[PDB]
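Peer 1: Here it is, the structure, as structure tokens.
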Amino acid sequence: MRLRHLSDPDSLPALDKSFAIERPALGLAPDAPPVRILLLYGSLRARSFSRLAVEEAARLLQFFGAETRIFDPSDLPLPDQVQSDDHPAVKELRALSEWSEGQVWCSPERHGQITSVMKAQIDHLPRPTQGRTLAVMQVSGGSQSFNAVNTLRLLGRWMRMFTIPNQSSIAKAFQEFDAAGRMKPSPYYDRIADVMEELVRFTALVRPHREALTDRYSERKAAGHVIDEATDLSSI
Amino acid sequence: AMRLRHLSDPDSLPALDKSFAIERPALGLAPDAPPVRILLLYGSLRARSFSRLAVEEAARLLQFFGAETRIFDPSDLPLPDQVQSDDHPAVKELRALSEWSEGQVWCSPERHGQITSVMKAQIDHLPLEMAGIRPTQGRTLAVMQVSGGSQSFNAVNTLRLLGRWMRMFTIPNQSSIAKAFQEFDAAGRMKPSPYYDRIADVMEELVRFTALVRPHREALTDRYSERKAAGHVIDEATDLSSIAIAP
Amino acid sequence: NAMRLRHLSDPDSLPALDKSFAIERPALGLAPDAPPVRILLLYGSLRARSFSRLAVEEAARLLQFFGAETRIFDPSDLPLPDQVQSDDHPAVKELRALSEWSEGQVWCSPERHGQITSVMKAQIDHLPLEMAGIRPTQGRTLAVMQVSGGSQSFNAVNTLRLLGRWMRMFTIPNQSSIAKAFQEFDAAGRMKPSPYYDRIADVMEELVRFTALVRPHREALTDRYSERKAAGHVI
Amino acid sequence: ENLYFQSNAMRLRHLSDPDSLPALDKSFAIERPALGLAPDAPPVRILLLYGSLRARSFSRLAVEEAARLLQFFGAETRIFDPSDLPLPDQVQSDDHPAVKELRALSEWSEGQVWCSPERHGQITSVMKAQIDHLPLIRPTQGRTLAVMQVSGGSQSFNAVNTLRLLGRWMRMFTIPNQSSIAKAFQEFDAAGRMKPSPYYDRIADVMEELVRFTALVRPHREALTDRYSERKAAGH
Ligand SMILES: [Ca+2]
Ligand SMILES: [Cl-]
Ligand SMILES: [Cl-]
């Protein structure tokens, strides 16, 4: 199956547990069953800082009591390749999307743009995406910029997902990951912690109200769904 | 508060089809009492401002949906640093209104195809922190724009980025009125249209998300990196019992 | 005035410039450089120590050395659009007159909140495409600049470029983006020798050349097929 | 059976009915827009690039109308056919016949026109592939550029804005006027000719401005690119 294996999932050496709240959603909304998050990365390279960033994000999410799933786009058809939504990878990507209650997208910024593999993934998400939350992240080999995360945010908005305000943008990514692929203790890691903390809190909050949040006035008008006793006549 | 726009004919919504309007959108979702508090900002000082008039329609809708509204009047708002330290009654009022709000609506027209200076000036005067206060953080935001031509998203997109910078939960739905001048009558009211229905959807969504987010503003803004920096060590062995069980 | 023009201190002091490689008349051989190319410079902050203003002042010294006449607008009393009925305020009138006077412009804004400031935008907003048969921006050249407290970015210059485009200005390709700008200026407000300074020299050199090249053809370049068609068969 | 083999092909689009401009009002068009402005002999050389390989590509069709207008204004034009140019996710090679030809065309050009559909907020992969293969200091510097876009929905400027900044990165001089066709499918007749509209009039303005500005700057490419910092770096 096209899922990435999270090695040492409980090993969080860059996290200061004296400050990390184990259960961020406690008091906001029920945490059972665990909040479901699908994580997507935008690099095919063996040593992808996008994936490794996504993996650190996953470890943090699991620590916060969330259930995670990291999609492996290795064989997902790329944008210019033979498209067919009957493709096994496309089908599994859709399945994971319907599964998730919230999502994390992480893309490298290649010259002010997100990557083909990131686009391909987004293009193959089911407006079935309505009401799911989203956290955006980017990595770059150069100076910190926000073009990729801003692009991701607007794509998420177009799909009617709720993109949280906090986001991650790692500058000179190569300097932040050791040989083992783990992330070094830094403000950047602290930021991913914050983003995942916020995403758990917000997802737990919005997840039980998906129906109601997507029950729109214009949709009721178009369908002729006259509100339960909104008139002075006996319904219906 | 001196700098508030008077909302005329507040309860008359002729463009809204009330057989489909839910009067209390947050009911069953989250407590809607007291009324959710919404601050609305517009981006032109022109007498016949379509951004102001769209904001006024938004306000009527919010009130219909049971919100309490305030529309800031930026007519004497100085440019940042125009008046020393920005110590100006208009800045103090806008800042106080932001703190009061639980959610906000920002509506800008385009000048030279971009967000107006009037709109920017107001947002610029909202700080992330000031004397232990964070007047925008953990509040919801709905973005809207108007234009004289074909439907545009330049302004709403910029507004969305600003709201993110201000750490606001910006709702996905938004409004962009194309050829705005065709949509408003001599009395400044919007005629029935998909644009109007869109604004209704946007305010309905804002009310729902605001009611949901407001009881947890402090929690959503209680950040790991901030606790670490301040040195606020988390003791679950003593201070966990203080947090009540979620409904 | 109030005054609404900034005085340029030590205008002939260019220690960060190596005159042995500078061409004092960059337009010589391209287009007439007399009378002086007229450049209006605008900055994006009213803060006491404004790096956007300081960078613009370095730009102005360079321009004058390259044979330009310059005006640096001070927007300290500029009202927001429509804050004064019909924008009938001396600051607006002066800014518009300065734009009309110009043959090219320099806009320099700090990048804040990932955008250009409201002070920068207020000045641009007050520039009309056309007012009473006058087009005070169209066909003029533009150079864009930005300053930042952090690493080098281009959001402000990109926004400025797109505004210049709307104003139908010929925006030169070279541009300036000073990163960690606090490190680049001394206590007296002068820019330290660096690649950032050399860039400004290049940008002003390019601006003088294009301004001299474009200026004799402003009318022709702004005489458009669609507008002729709109005006119909005169008379 | 096979006795003959072919490889001697040119990647240029044929312009049908080049002198047929029914949407243009000739009483208001200036046939030599640079006359009296800058020398218009030899003809200004314009390379045009479009952003879709689809049969009824409105991007290509808008570019064809632009080419006709340019030829009317006395320019020589070349429209590159990117049908066999490898796309960004495919194997890349500088020795590829399509790359060499595109680069030859870029060198020949004094100005360029780039027209792309805007898909969701971005330019196309075929447009990208072409721009990627122009550059290799910038050899493209000093050439002028006019940007155009087409969209299936309301008029937007995301594609032209992207093209403009790509042009700027390559130190081309992008003219201020530009074309953005809204609901492009509505603006072309069955034969692929553009209907008279303010959109067609705009393309006329753009090509008029491009001919004028290109004639103006082309004799001075050397001096315009003789830079203080480069002279300093050279030494002496
Ligand atoms: Ca002097
Ligand atoms: Cl620079
Ligand atoms: Cl440009």
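Labeling convention for the structure tokens: chains A, B, ... as they appear, residues from 1 per chain, ligands from 1 in order of appearance.
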Please find the residues contacting ligand 3 at a distance of at most 7 Å between atoms, with only C-alpha atoms and all ligand atoms counted, and report them as an MDAnalysis selection string.
Peer 2: (chainID C and resid 161:162 165 170:173) or (chainID D and resid 164 168 173:176)
Peer 1: Would you export the selected residues with N, CA and C atoms as a CSV table (one decimal), in the first residue's frame, please?
Peer 2:
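Listed below is the output, result_26.csv:
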chain,number,residue,atom,x,y,z
C,161,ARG,N,6.0,46.9,-9.0
C,161,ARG,CA,6.1,46.6,-10.5
C,161,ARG,C,4.7,46.5,-11.1
C,162,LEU,N,3.8,45.7,-10.4
C,162,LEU,CA,2.5,45.5,-10.9
C,162,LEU,C,1.7,46.8,-10.9
C,165,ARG,N,2.8,49.0,-13.7
C,165,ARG,CA,2.2,48.5,-14.9
C,165,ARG,C,0.8,49.0,-15.1
C,170,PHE,N,6.8,52.4,-17.9
C,170,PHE,CA,7.8,51.4,-18.4
C,170,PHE,C,8.8,51.2,-17.3
C,171,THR,N,8.6,50.0,-16.6
C,171,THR,CA,9.3,49.7,-15.4
C,171,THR,C,10.6,48.9,-15.8
C,172,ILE,N,11.7,49.5,-15.6
C,172,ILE,CA,13.0,48.8,-15.9
C,172,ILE,C,13.2,47.5,-15.2
C,173,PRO,N,13.9,46.5,-15.9
C,173,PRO,CA,14.0,45.2,-15.3
C,173,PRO,C,14.9,45.1,-14.1
D,164,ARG,N,5.3,38.0,-16.6
D,164,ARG,CA,6.0,39.3,-16.4
D,164,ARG,C,7.2,39.1,-15.5
D,168,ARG,N,11.1,39.3,-16.2
D,168,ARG,CA,12.0,40.2,-15.5
D,168,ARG,C,13.2,39.5,-15.0
D,173,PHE,N,12.7,43.3,-21.1
D,173,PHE,CA,11.9,44.5,-20.8
D,173,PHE,C,10.4,44.2,-21.2
D,174,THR,N,9.6,43.9,-20.2
D,174,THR,CA,8.2,43.6,-20.4
D,174,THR,C,7.4,44.9,-20.5
D,175,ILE,N,6.7,45.1,-21.6
D,175,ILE,CA,6.0,46.3,-21.8
D,175,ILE,C,4.8,46.4,-20.9
D,176,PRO,N,4.3,47.6,-20.6
D,176,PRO,CA,3.2,47.6,-19.7
D,176,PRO,C,1.9,47.1,-20.2
Peer 1: As a ChimeraX atom specification, please: the residues near stretch 144-157 of chain B (cut-off 8 Å, only C-alpha atoms, same-chain neighbours under 5 positions excluded).
Peer 2: /A:154 /B:50-51,105-110,113-115,174-181 /D:154-156
Peer 1: Please, which residues in chain A fall within 12 Å of chain C when counting only C-alpha atoms, and what is the closest atom pair and distance in Å to one decimal for each, ordered by chain then residue number, as CSV?
Peer 2:
residue,atom,partner,partner_atom,distance
A:112,CA,C:154,CA,10.7
A:142,CA,C:151,CA,9.8
A:143,CA,C:151,CA,6.3
A:144,CA,C:151,CA,7.1
A:145,CA,C:153,CA,6.9
A:146,CA,C:114,CA,8.8
A:147,CA,C:155,CA,9.3
A:150,CA,C:114,CA,10.9
A:171,CA,C:151,CA,10.0
A:172,CA,C:151,CA,11.8
Peer 1: As a count of residues only, please: all residues of stretch 134-232 of chain B that backbone DSSP puts in helix (DSSP H, G or I).
Peer 2: 49
Peer 1: Output the neighbourhood of ligand 2 as a list in words, that is, all protein and nucleic acid residues with some atom at most 7 Å from the ligand, counting only C-alpha atoms and all ligand atoms.
Peer 2: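 Answer in the requested format: residues 175, 176, 177, 178, 196 and 199 of chain C.
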Peer 1: Could you give me, as a PyMOL selection string, the residues within 7 Å of residue A:159, counting only C-alpha atoms and dropping anything in the same chain fewer than 2 positions from it?
Peer 2: chain A and resi 127+129-130+155-157+161
Peer 1: Only N, CA, C and O atoms, please: the residues just picked out, written as a JSON list (two decimals), in the first residue's frame.
Peer 2:
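The file below, out.json, is the result:
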[["chain", "number", "residue", "atom", "x", "y", "z"],
["A", 127, "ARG", "N", -17.59, 19.16, -4.64],
["A", 127, "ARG", "CA", -16.56, 19.62, -3.70],
["A", 127, "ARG", "C", -16.53, 18.73, -2.45],
["A", 127, "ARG", "O", -16.78, 19.21, -1.35],
["A", 129, "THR", "N", -14.24, 17.71, -0.60],
["A", 129, "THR", "CA", -13.24, 18.15, 0.38],
["A", 129, "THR", "C", -13.73, 19.13, 1.46],
["A", 129, "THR", "O", -13.01, 19.40, 2.43],
["A", 130, "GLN", "N", -14.95, 19.66, 1.28],
["A", 130, "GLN", "CA", -15.59, 20.64, 2.18],
["A", 130, "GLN", "C", -15.48, 20.34, 3.67],
["A", 130, "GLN", "O", -15.77, 19.22, 4.11],
["A", 155, "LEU", "N", -5.12, 27.18, -3.00],
["A", 155, "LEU", "CA", -5.67, 25.94, -3.56],
["A", 155, "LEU", "C", -6.58, 25.27, -2.55],
["A", 155, "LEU", "O", -7.65, 24.75, -2.90],
["A", 156, "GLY", "N", -6.17, 25.30, -1.29],
["A", 156, "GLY", "CA", -6.98, 24.74, -0.22],
["A", 156, "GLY", "C", -8.29, 25.49, -0.11],
["A", 156, "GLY", "O", -9.35, 24.88, 0.04],
["A", 157, "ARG", "N", -8.23, 26.82, -0.23],
["A", 157, "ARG", "CA", -9.43, 27.66, -0.14],
["A", 157, "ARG", "C", -10.39, 27.35, -1.29],
["A", 157, "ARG", "O", -11.61, 27.26, -1.09],
["A", 161, "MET", "N", -11.50, 24.04, 1.88],
["A", 161, "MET", "CA", -10.93, 23.54, 3.12],
["A", 161, "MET", "C", -10.64, 24.73, 4.00],
["A", 161, "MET", "O", -10.49, 25.85, 3.50]]
Peer 1: Identify, on the basis of only C-alpha atoms, every residue whose closest approach to residue C:203 does not exceed 8 Å; exclude the query and any residue fewer than 2 positions from it along the same chain; express the result as a ChimeraX atom specification.
Peer 2: /C:143,174-176,199-201,205-207
Peer 1: Put those residues in a file: N, CA, C and O atoms, as a PDB file, in the first residue's frame.
Peer 2:
ATOM      1  N   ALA C 143      11.642  52.730 -11.726  1.00  0.00           N
ATOM      2  CA  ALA C 143      12.555  51.766 -11.083  1.00  0.00           C
ATOM      3  C   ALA C 143      11.960  51.442  -9.715  1.00  0.00           C
ATOM      4  O   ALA C 143      11.517  52.345  -9.006  1.00  0.00           O
ATOM      5  N   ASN C 174      15.960  45.886 -14.010  1.00  0.00           N
ATOM      6  CA  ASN C 174      16.798  45.844 -12.811  1.00  0.00           C
ATOM      7  C   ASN C 174      16.095  46.523 -11.639  1.00  0.00           C
ATOM      8  O   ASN C 174      15.327  47.465 -11.816  1.00  0.00           O
ATOM      9  N   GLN C 175      16.384  46.040 -10.438  1.00  0.00           N
ATOM     10  CA  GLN C 175      15.691  46.494  -9.233  1.00  0.00           C
ATOM     11  C   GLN C 175      16.580  46.275  -8.020  1.00  0.00           C
ATOM     12  O   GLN C 175      17.557  45.526  -8.080  1.00  0.00           O
ATOM     13  N   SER C 176      16.200  46.872  -6.893  1.00  0.00           N
ATOM     14  CA  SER C 176      16.988  46.772  -5.660  1.00  0.00           C
ATOM     15  C   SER C 176      16.161  46.169  -4.524  1.00  0.00           C
ATOM     16  O   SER C 176      14.999  46.548  -4.319  1.00  0.00           O
ATOM     17  N   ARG C 199      24.292  47.575  -6.763  1.00  0.00           N
ATOM     18  CA  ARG C 199      23.006  47.322  -7.412  1.00  0.00           C
ATOM     19  C   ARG C 199      22.242  48.624  -7.637  1.00  0.00           C
ATOM     20  O   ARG C 199      21.772  48.885  -8.741  1.00  0.00           O
ATOM     21  N   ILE C 200      22.125  49.442  -6.596  1.00  0.00           N
ATOM     22  CA  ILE C 200      21.422  50.734  -6.730  1.00  0.00           C
ATOM     23  C   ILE C 200      22.084  51.578  -7.826  1.00  0.00           C
ATOM     24  O   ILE C 200      21.394  52.152  -8.663  1.00  0.00           O
ATOM     25  N   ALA C 201      23.425  51.598  -7.852  1.00  0.00           N
ATOM     26  CA  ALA C 201      24.137  52.316  -8.904  1.00  0.00           C
ATOM     27  C   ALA C 201      23.728  51.794 -10.288  1.00  0.00           C
ATOM     28  O   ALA C 201      23.399  52.596 -11.170  1.00  0.00           O
ATOM     29  N   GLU C 205      21.660  53.853 -13.053  1.00  0.00           N
ATOM     30  CA  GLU C 205      22.318  53.970 -14.339  1.00  0.00           C
ATOM     31  C   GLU C 205      21.331  53.549 -15.431  1.00  0.00           C
ATOM     32  O   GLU C 205      21.185  54.226 -16.437  1.00  0.00           O
ATOM     33  N   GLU C 206      20.637  52.439 -15.204  1.00  0.00           N
ATOM     34  CA  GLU C 206      19.684  51.897 -16.164  1.00  0.00           C
ATOM     35  C   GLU C 206      18.490  52.840 -16.291  1.00  0.00           C
ATOM     36  O   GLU C 206      18.012  53.090 -17.389  1.00  0.00           O
ATOM     37  N   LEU C 207      18.027  53.366 -15.161  1.00  0.00           N
ATOM     38  CA  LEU C 207      16.899  54.294 -15.163  1.00  0.00           C
ATOM     39  C   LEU C 207      17.229  55.558 -15.961  1.00  0.00           C
ATOM     40  O   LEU C 207      16.409  56.011 -16.766  1.00  0.00           O
TER      41      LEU C 207
END
Peer 1: Hey, list the chain D side of the contact with chain A: 10 Å cut-off, only C-alpha atoms, answer as number ranges by chain.
Peer 2: D: 87-90, 120-122, 125-126, 162, 166
Peer 1: Could you list, as number ranges by chain, all the residues within 12 Å of ligand 1, counting only C-alpha atoms and all ligand atoms?
Peer 2: C: 8-14, 60-70
Peer 1: Got a sec to pull out which chain B residues are within 10 Å of chain C, counting only C-alpha atoms, and send them as a ChimeraX atom specification?
Peer 2: /B:44-47,74-85,110-125,158,161-166
Peer 1: Next, dump the selected residues to file, keeping only C-alpha atoms, as a short mmCIF file (atom, residue, chain, number, x, y, z; two decimals), in the first residue's frame.
Peer 2:
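Result written to again-v1.cif:
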data_model
loop_
_atom_site.label_atom_id
_atom_site.label_comp_id
_atom_site.auth_asym_id
_atom_site.auth_seq_id
_atom_site.Cartn_x
_atom_site.Cartn_y
_atom_site.Cartn_z
CA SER B 44 -13.08 53.49 0.63
CA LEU B 45 -14.07 56.86 2.14
CA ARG B 46 -16.06 57.87 -0.97
CA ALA B 47 -19.68 58.89 -0.25
CA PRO B 74 -11.98 55.48 9.19
CA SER B 75 -12.74 59.08 8.03
CA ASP B 76 -10.12 60.65 10.37
CA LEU B 77 -7.75 57.68 10.63
CA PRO B 78 -4.14 58.83 10.20
CA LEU B 79 -1.55 56.99 8.15
CA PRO B 80 0.82 54.95 10.30
CA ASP B 81 3.37 57.33 11.94
CA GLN B 82 1.68 60.39 10.41
CA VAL B 83 0.83 61.37 13.99
CA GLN B 84 3.59 60.68 16.55
CA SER B 85 3.50 57.12 17.98
CA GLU B 110 -9.45 47.91 -5.86
CA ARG B 111 -7.44 51.04 -6.66
CA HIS B 112 -5.01 50.48 -9.51
CA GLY B 113 -6.04 46.81 -9.28
CA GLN B 114 -4.99 46.30 -5.65
CA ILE B 115 -6.06 46.66 -2.01
CA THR B 116 -6.68 50.35 -1.15
CA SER B 117 -4.51 52.45 1.17
CA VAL B 118 -7.68 53.09 3.28
CA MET B 119 -8.05 49.34 3.79
CA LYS B 120 -4.29 48.79 4.41
CA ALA B 121 -4.12 51.73 6.85
CA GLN B 122 -6.73 50.12 9.12
CA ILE B 123 -5.07 46.70 9.09
CA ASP B 124 -1.61 48.30 9.63
CA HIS B 125 -2.97 49.93 12.80
CA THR B 158 -4.33 40.02 -0.19
CA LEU B 161 -2.84 36.86 3.53
CA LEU B 162 -3.09 39.83 5.90
CA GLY B 163 -5.62 37.94 8.08
CA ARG B 164 -3.18 35.04 8.23
CA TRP B 165 -0.37 37.36 9.28
CA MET B 166 -2.75 38.67 11.96
#
Peer 1: Dump as a PDB file with N, CA, C and O atoms, in the first residue's frame the residues of chain C that approach chain D to within 6 Å, counting only C-alpha atoms.
Peer 2:
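For reference, selection-v6.pdb as written:
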ATOM      1  N   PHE C  21      34.979  53.498 -12.534  1.00  0.00           N
ATOM      2  CA  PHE C  21      34.148  52.624 -13.366  1.00  0.00           C
ATOM      3  C   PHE C  21      32.801  53.243 -13.700  1.00  0.00           C
ATOM      4  O   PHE C  21      32.045  52.696 -14.499  1.00  0.00           O
ATOM      5  N   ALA C  22      32.482  54.371 -13.078  1.00  0.00           N
ATOM      6  CA  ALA C  22      31.213  55.034 -13.355  1.00  0.00           C
ATOM      7  C   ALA C  22      31.273  55.857 -14.642  1.00  0.00           C
ATOM      8  O   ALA C  22      32.272  56.526 -14.932  1.00  0.00           O
ATOM      9  N   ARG C 165       2.789  48.998 -13.704  1.00  0.00           N
ATOM     10  CA  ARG C 165       2.216  48.477 -14.930  1.00  0.00           C
ATOM     11  C   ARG C 165       0.807  49.022 -15.129  1.00  0.00           C
ATOM     12  O   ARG C 165       0.457  49.431 -16.222  1.00  0.00           O
ATOM     13  N   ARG C 168       0.716  52.279 -16.380  1.00  0.00           N
ATOM     14  CA  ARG C 168       1.234  52.283 -17.762  1.00  0.00           C
ATOM     15  C   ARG C 168       2.632  52.899 -17.861  1.00  0.00           C
ATOM     16  O   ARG C 168       2.949  53.610 -18.822  1.00  0.00           O
ATOM     17  N   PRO C 173      13.859  46.525 -15.908  1.00  0.00           N
ATOM     18  CA  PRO C 173      14.004  45.176 -15.329  1.00  0.00           C
ATOM     19  C   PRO C 173      14.868  45.123 -14.065  1.00  0.00           C
ATOM     20  O   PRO C 173      14.511  44.399 -13.133  1.00  0.00           O
ATOM     21  N   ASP C 198      26.136  48.741  -5.038  1.00  0.00           N
ATOM     22  CA  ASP C 198      26.480  48.624  -6.450  1.00  0.00           C
ATOM     23  C   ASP C 198      25.214  48.383  -7.292  1.00  0.00           C
ATOM     24  O   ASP C 198      25.097  48.925  -8.399  1.00  0.00           O
ATOM     25  N   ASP C 202      23.704  50.466 -10.458  1.00  0.00           N
ATOM     26  CA  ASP C 202      23.261  49.837 -11.709  1.00  0.00           C
ATOM     27  C   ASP C 202      21.835  50.240 -12.060  1.00  0.00           C
ATOM     28  O   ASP C 202      21.530  50.603 -13.200  1.00  0.00           O
ATOM     29  N   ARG C 224      -2.651  55.360 -28.680  1.00  0.00           N
ATOM     30  CA  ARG C 224      -3.112  53.983 -28.875  1.00  0.00           C
ATOM     31  C   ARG C 224      -4.216  53.796 -29.887  1.00  0.00           C
ATOM     32  O   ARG C 224      -5.162  54.579 -29.935  1.00  0.00           O
ATOM     33  N   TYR C 225      -4.098  52.728 -30.677  1.00  0.00           N
ATOM     34  CA  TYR C 225      -5.093  52.352 -31.666  1.00  0.00           C
ATOM     35  C   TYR C 225      -6.540  52.389 -31.134  1.00  0.00           C
ATOM     36  O   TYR C 225      -7.411  53.014 -31.750  1.00  0.00           O
ATOM     37  N   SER C 226      -6.775  51.731 -29.991  1.00  0.00           N
ATOM     38  CA  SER C 226      -8.120  51.621 -29.395  1.00  0.00           C
ATOM     39  C   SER C 226      -8.705  52.974 -29.007  1.00  0.00           C
ATOM     40  O   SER C 226      -9.915  53.197 -29.128  1.00  0.00           O
ATOM     41  N   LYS C 229      -9.601  54.796 -32.123  1.00  0.00           N
ATOM     42  CA  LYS C 229     -10.838  54.195 -32.598  1.00  0.00           C
ATOM     43  C   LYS C 229     -12.020  54.706 -31.770  1.00  0.00           C
ATOM     44  O   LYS C 229     -13.073  55.005 -32.317  1.00  0.00           O
TER      45      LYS C 229
END
Peer 1: Quick check: residues of chain B within 6 Å of chain A, only C-alpha atoms, returned as a list in words.
Peer 2: residues 19, 20, 21, 164, 167, 172, 197, 201, 223, 224, 225, 228, 233, 234, 244, 245 and 246 of chain B
Peer 1: Can you write out the residues you just picked, keeping N, CA, C and O atoms, as an mmCIF file, in the first residue's frame?
Peer 2:
data_model
loop_
_atom_site.group_PDB
_atom_site.id
_atom_site.type_symbol
_atom_site.label_atom_id
_atom_site.label_comp_id
_atom_site.auth_asym_id
_atom_site.auth_seq_id
_atom_site.Cartn_x
_atom_site.Cartn_y
_atom_site.Cartn_z
ATOM 1 N N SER B 19 -37.531 32.139 3.201
ATOM 2 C CA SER B 19 -38.029 30.769 3.291
ATOM 3 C C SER B 19 -36.857 29.781 3.353
ATOM 4 O O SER B 19 -37.049 28.611 3.687
ATOM 5 N N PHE B 20 -35.651 30.269 3.051
ATOM 6 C CA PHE B 20 -34.425 29.453 3.085
ATOM 7 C C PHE B 20 -33.377 29.943 4.098
ATOM 8 O O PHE B 20 -32.391 29.258 4.370
ATOM 9 N N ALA B 21 -33.591 31.135 4.649
ATOM 10 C CA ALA B 21 -32.663 31.702 5.619
ATOM 11 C C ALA B 21 -32.883 31.078 6.991
ATOM 12 O O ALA B 21 -34.017 31.010 7.463
ATOM 13 N N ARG B 164 -4.057 36.125 7.781
ATOM 14 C CA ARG B 164 -3.177 35.036 8.228
ATOM 15 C C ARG B 164 -2.021 35.601 9.056
ATOM 16 O O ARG B 164 -1.657 35.052 10.100
ATOM 17 N N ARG B 167 -2.922 36.277 12.362
ATOM 18 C CA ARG B 167 -3.253 35.022 13.051
ATOM 19 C C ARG B 167 -4.748 34.778 13.256
ATOM 20 O O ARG B 167 -5.174 34.210 14.272
ATOM 21 N N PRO B 172 -13.266 29.915 4.641
ATOM 22 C CA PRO B 172 -13.022 29.662 3.220
ATOM 23 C C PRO B 172 -13.927 30.442 2.265
ATOM 24 O O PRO B 172 -13.441 30.910 1.232
ATOM 25 N N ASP B 197 -26.665 36.620 -2.578
ATOM 26 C CA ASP B 197 -26.798 35.290 -1.970
ATOM 27 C C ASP B 197 -25.455 34.788 -1.444
ATOM 28 O O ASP B 197 -25.400 34.077 -0.425
ATOM 29 N N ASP B 201 -24.407 33.653 2.352
ATOM 30 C CA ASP B 201 -23.626 32.439 2.643
ATOM 31 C C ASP B 201 -22.384 32.728 3.473
ATOM 32 O O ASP B 201 -22.060 31.982 4.405
ATOM 33 N N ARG B 223 0.439 28.706 22.695
ATOM 34 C CA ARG B 223 1.399 28.025 21.835
ATOM 35 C C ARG B 223 2.649 27.487 22.517
ATOM 36 O O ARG B 223 3.260 28.141 23.371
ATOM 37 N N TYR B 224 3.014 26.275 22.109
ATOM 38 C CA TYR B 224 4.201 25.596 22.590
ATOM 39 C C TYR B 224 5.453 26.479 22.591
ATOM 40 O O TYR B 224 6.107 26.631 23.622
ATOM 41 N N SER B 225 5.772 27.062 21.440
ATOM 42 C CA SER B 225 6.968 27.891 21.306
ATOM 43 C C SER B 225 6.927 29.125 22.209
ATOM 44 O O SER B 225 7.974 29.617 22.641
ATOM 45 N N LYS B 228 7.498 27.937 25.843
ATOM 46 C CA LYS B 228 8.924 27.613 25.957
ATOM 47 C C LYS B 228 9.759 28.877 26.155
ATOM 48 O O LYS B 228 10.671 28.906 26.990
ATOM 49 N N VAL B 233 6.368 26.209 32.309
ATOM 50 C CA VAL B 233 6.406 24.748 32.366
ATOM 51 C C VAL B 233 5.000 24.202 32.633
ATOM 52 O O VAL B 233 4.303 24.672 33.536
ATOM 53 N N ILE B 234 4.587 23.225 31.829
ATOM 54 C CA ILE B 234 3.267 22.608 31.964
ATOM 55 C C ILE B 234 3.255 21.485 33.006
ATOM 56 O O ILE B 234 3.956 20.479 32.863
ATOM 57 N N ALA B 244 -12.055 22.202 32.375
ATOM 58 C CA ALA B 244 -13.355 21.531 32.383
ATOM 59 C C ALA B 244 -13.542 20.562 31.219
ATOM 60 O O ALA B 244 -12.913 20.707 30.168
ATOM 61 N N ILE B 245 -14.415 19.577 31.425
ATOM 62 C CA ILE B 245 -14.750 18.579 30.410
ATOM 63 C C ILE B 245 -15.568 19.234 29.292
ATOM 64 O O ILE B 245 -16.550 19.935 29.559
ATOM 65 N N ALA B 246 -15.143 19.015 28.047
ATOM 66 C CA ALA B 246 -15.828 19.555 26.870
ATOM 67 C C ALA B 246 -17.252 18.994 26.763
ATOM 68 O O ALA B 246 -17.468 17.813 27.053
#
